[PDB]
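Structural features, examined
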Amino acid sequence: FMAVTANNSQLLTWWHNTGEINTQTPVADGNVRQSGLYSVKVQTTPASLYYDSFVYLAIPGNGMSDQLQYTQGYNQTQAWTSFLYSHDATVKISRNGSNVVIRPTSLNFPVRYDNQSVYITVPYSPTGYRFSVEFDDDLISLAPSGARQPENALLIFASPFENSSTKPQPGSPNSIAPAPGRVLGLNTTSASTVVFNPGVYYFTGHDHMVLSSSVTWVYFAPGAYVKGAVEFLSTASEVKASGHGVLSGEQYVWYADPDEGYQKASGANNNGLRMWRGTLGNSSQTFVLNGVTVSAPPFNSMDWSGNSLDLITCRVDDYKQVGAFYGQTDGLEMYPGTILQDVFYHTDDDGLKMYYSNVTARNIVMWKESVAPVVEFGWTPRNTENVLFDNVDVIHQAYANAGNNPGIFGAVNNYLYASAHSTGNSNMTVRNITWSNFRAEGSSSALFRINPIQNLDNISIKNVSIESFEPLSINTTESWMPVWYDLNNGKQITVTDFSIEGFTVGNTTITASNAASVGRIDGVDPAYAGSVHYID
Ligand SMILES: *[C@@H]1O[C@H](CO)[C@@H](O)[C@H](O)[C@H]1NC(C)=O
Ligand SMILES: *[C@@H]1O[C@H](CO)[C@@H](O)[C@H](O)[C@H]1NC(C)=O
Ligand SMILES: *[C@@H]1O[C@H](CO)[C@@H](O)[C@H](O)[C@H]1NC(C)=O
Ligand SMILES: *[C@@H]1O[C@H](CO)[C@@H](O)[C@H](O)[C@H]1NC(C)=O
Ligand SMILES: *[C@@H]1O[C@H](CO)[C@@H](O)[C@H](O)[C@H]1NC(C)=O
Ligand SMILES: *[C@@H]1O[C@H](CO)[C@@H](O)[C@H](O)[C@H]1NC(C)=O
Ligand SMILES: *[C@@H]1O[C@H](CO)[C@@H](O)[C@H](O)[C@H]1NC(C)=O
Ligand SMILES: *[C@@H]1O[C@H](CO)[C@@H](O)[C@H](O)[C@H]1NC(C)=O
């Protein structure tokens, strides 16, 4: 076996010669964990060469069996492949040894079969696609929900070619290109651009990619696999991470604290290593994040340093988070003004963190694991306004109990304190929030579980479809919204103009009269019953 990879104007695929098939221990430092189950090839249409595409594999604990306690305890693994394209292509999947379902199910790609292979015709789109290929005979039941999911997931990331804004042109100035292996000196380099060409790089579990203050761009080539985590020291007007390679946190222990020797943090200090971190002075910065796959975060995926987060905005496109089997593996922060689109999230904690104003997020595919809501706007009261989240397909959920804080639209209790609902702020308001075209495939948690820790005004749910609910038994499916009060003066928190439209469960539209019985919306406090409107 030697692989043949495409590199033409229509298709680009890649391989790694240090691929290691391994499902229980850490791979060698210079090796890349490879699926032993799935083999993928790609061929531009029409059908008259098939080129090999590397199938990466992430596993719970990353081979560190002593870290499995910090996962949900399932035996699921997650394989994925990426390729670049500019024309319709056929993806050919073979198994080392049944019909498939493609999620999101709205995609409707043609699927064909022969003796030993599955063929998926992926049409070209300028924003690409991110999807799951789910073999019927590989599905298992995840207790206690009974959610039916791949034991061995295969994710397909078809992306458009890289242009001069996401790939440094050849002959680019002041660029450094580290050689494969241990990467050193990037924290003190005078380069402005760091280029990771195809190959394997690592920082070990006791270091990370601290980028010097002159670095404004890190590029992960397709075929580059980097073991590490990114921290920009530059306070410049733009910092950029781009390219279609992988940044993998697999060498870090869960909750690794870079200020305590990268050992597991002492007592939940929230100083766990982020996959993306940046630094602000007293002027504006834009974080551009494009193309990259992040795998196996040891903690929250991202946070910027400083106490002046209005100065940061994000522009995120064609980005993936995979193999996030650990707890507290949050999605990105979306700072004020952020535009985020065409993203894949595997997450076992808060997915879409609606913490900041003037944000637009669209075309998101989410594999929610077992903890935290899809959308989060609790923890701390905020002034937050003018948000659109549109076209979010939650292709799986696997909650277990109420303590997981389940739900599509959630705002959990106040973090500084957890009588129960009396630490709100009546002086703060969340306004003009639109959540539109959400799909929950398979069994789902509740539509919403919202603590109004500050006032709510003009919140619109428009088109949300739930295929089915998780069992009543596990207390994850009833929606609620209890009355809250102000911390200092006991003034009641208000909820105003909260509308629900186009909400279905199965093929049944939810109205005022069946909201409780069919939609399981049975916990709206009487104080807010007049503020919640069913348009139908
Ligand atoms: C594909 O070819 C381009 C030059 O056209 C080169 O920059 C790139 O590294 C190649 N990619 C792979 C995966 O071989
Ligand atoms: C993995 O766990 C599932 C339960 O979710 C079980 O059905 C399946 O047999 C397991 N596979 C093993 C132990 O290989
Ligand atoms: C740069 O990083 C290395 C580890 O990669 C660290 O030992 C060194 O102290 C750092 N240099 C500075 C000036 O912080
Ligand atoms: C968001 O934009 C609105 C007006 O469109 C403005 O009033 C407000 O200051 C902005 N908020 C933030 C945090 O940028
Ligand atoms: C309300 O939110 C939308 C985004 O959904 C934004 O376009 C609009 O400007 C916001 N309204 C106001 C008055 O700022
Ligand atoms: C809200 O403002 C009032 C004064 O108008 C103040 O008494 C109260 O402490 C504030 N609430 C909070 C939670 O800080
Ligand atoms: C909701 O779905 C309907 C039917 O597909 C569509 O016409 C409408 O535009 C959608 N609403 C929004 C706000 O996108
Ligand atoms: C579900 O909720 C009720 C109310 O708190 C409780 O009595 C029950 O034990 C909970 N757990 C279940 C049914 O597993």
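Please refer to the structure placed before this passage.
Conventions adopted
- Residues numbered from 1 in each chain as written, not as in the entry; some residues may be left out.
- Chains lettered and ligands numbered in written order.
- Heavy atoms only, no water.
- Residues with missing side-chain atoms left out of burial classes, pairs and counts.
- Core = buried A, V, L, I, M, F, W, Y, C linked by side-chain atoms within 4.5 Å.
- Buried < 20%, exposed > 50% of the residue type's maximum accessible area, 1.4 Å probe, protein only.
- Helix = DSSP H or I, 4+ residues; strand = E, 2+ residues; numbered from the N terminus.
- Contact = heavy atoms within 4.5 Å.
- Pairing = 2+ DSSP bridges.
- Axes fitted to C-alpha atoms, helices over the stretch in contact; angles between N-to-C directions.
- Near = heavy atom within 4 Å.
- Polar contact = N/O pair within 3.5 Å; in protein donor to acceptor, adjacent residues only side chain to side chain.
- Areas by Shrake-Rupley, 256 points an atom, 1.4 Å probe, with all protein chains shown as cover.
- Nonpolar A, V, L, I, M, F, W, Y, C, P; charged D, E, K, R; others polar.
- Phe/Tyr/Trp six-rings, centres within 6.5 Å; stacked < 30°, edge-to-face > 60°.
- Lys NZ or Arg CZ within 6 Å of the ring centre and 35° of its normal.
- Salt bridge = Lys/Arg side-chain N within 4 Å of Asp/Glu carboxyl O.
- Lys, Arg positive; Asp, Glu negative; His and termini not counted.

We now examine the nonpolar core. Counting 93 residues, the largest nonpolar core has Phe196, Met209, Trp276, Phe287, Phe389 and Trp435 as the members making the most contacts within it. Here this core takes six residues from strand β40 (residues 454-469), the largest share from any one element. For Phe389, the contacting residues outside a window of four places in its chain are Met334, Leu352, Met354, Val359, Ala361, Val375, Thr434, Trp435, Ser436 and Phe438. Of all hydrophobic cores here, the second largest spans 28 residues; its members include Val55, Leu57, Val118 and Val133.

So, about the pairing of strand β29 (residues 285-290). By the criterion of burial, β29 is predominantly enclosed, with five of the six residues buried. Of the pairings in the sheet, the one linking strand β24 (residues 238-242) to β29 comprises five bridges and is parallel in character. Among the inter-strand pairings, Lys240 is bridged to a residue of β29, identified as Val288. The pairing of β29 with strand β31 (residues 312-322) spans six bridges and is classified as parallel. Paired with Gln285 across the strands is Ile312, a residue of β31.

For the rest of this paragraph, the subject is the sheet that holds strand β4 (residues 38-44). Strand order in the open sheet formed by five strands is β5-β4-β8-β11-β10, with antiparallel pairing between adjacent strands. Each edge of the sheet is formed by a strand with only one pairing partner; in this case those strands are β5 (51-53) and β10 (111-113). Pairs of neighbouring strands in the sheet enclose a mean axial angle of 30°, with direction left out of account. When strand β8 (residues 89-95) meets strand β11 (residues 117-122), the two strands line up antiparallel, connected through six bridges.

Inspection of the region around ligand 2 gives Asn75, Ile140, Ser141 and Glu151 as its neighbouring residues. Here an oxygen atom of ligand 2 sits 2.8 Å away from a polar atom, N or O, in the main chain of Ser141. Contact with the protein chains removes 39% of the 360 Å² of surface that ligand 2 exposes when unbound. Here the shell around ligand 2 is composed, by residue class, of one nonpolar, two polar and one charged.

Take the packing of aromatic side chains next. Applying the stated criterion across every chain, the model contains 29 aromatic pairs. The rings of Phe196, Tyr201, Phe220, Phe232, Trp276, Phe287, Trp304 and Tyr319 are connected pair by pair, giving a single aromatic cluster. Over the aromatic face of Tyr50 sits the side chain of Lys92, whose NZ or CZ is 5.4 Å from the ring centroid. It is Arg382 that lies over the ring of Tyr355; its NZ or CZ is 3.8 Å from the centre.

This part covers the pattern of salt bridges. Tallied over the full model, the rule gives 16 salt bridges. We note a salt bridge from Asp137 to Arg95, for which the minimum N-O separation is 2.8 Å. Note on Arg95: relative accessible area 30%, which makes it partly exposed. Notably, a salt bridge pairs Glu134 with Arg103, separated by 2.9 Å at the nearest N-O pair. A residue pair is termed long-range when its members are at least 10 positions apart, and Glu134 in strand β12 (residues 129-135) and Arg103 in strand β9 (residues 100-103) qualify at 31 residues. As far as the burial class goes, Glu134 and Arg103 line up, both buried. It is possible to trace a salt-bridge network through shared partners that takes in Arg130, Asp318, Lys320 and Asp342.

Along the polypeptide, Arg33 turns up in strand β3 (residues 32-34). Look at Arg33: it is buried, it has no salt bridge, and the nearest opposite charge is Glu250 at 4.8 Å. Among the polar contacts made by the side chain of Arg33, one reaches the main-chain carbonyl oxygen of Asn62 at a distance of 3.2 Å.

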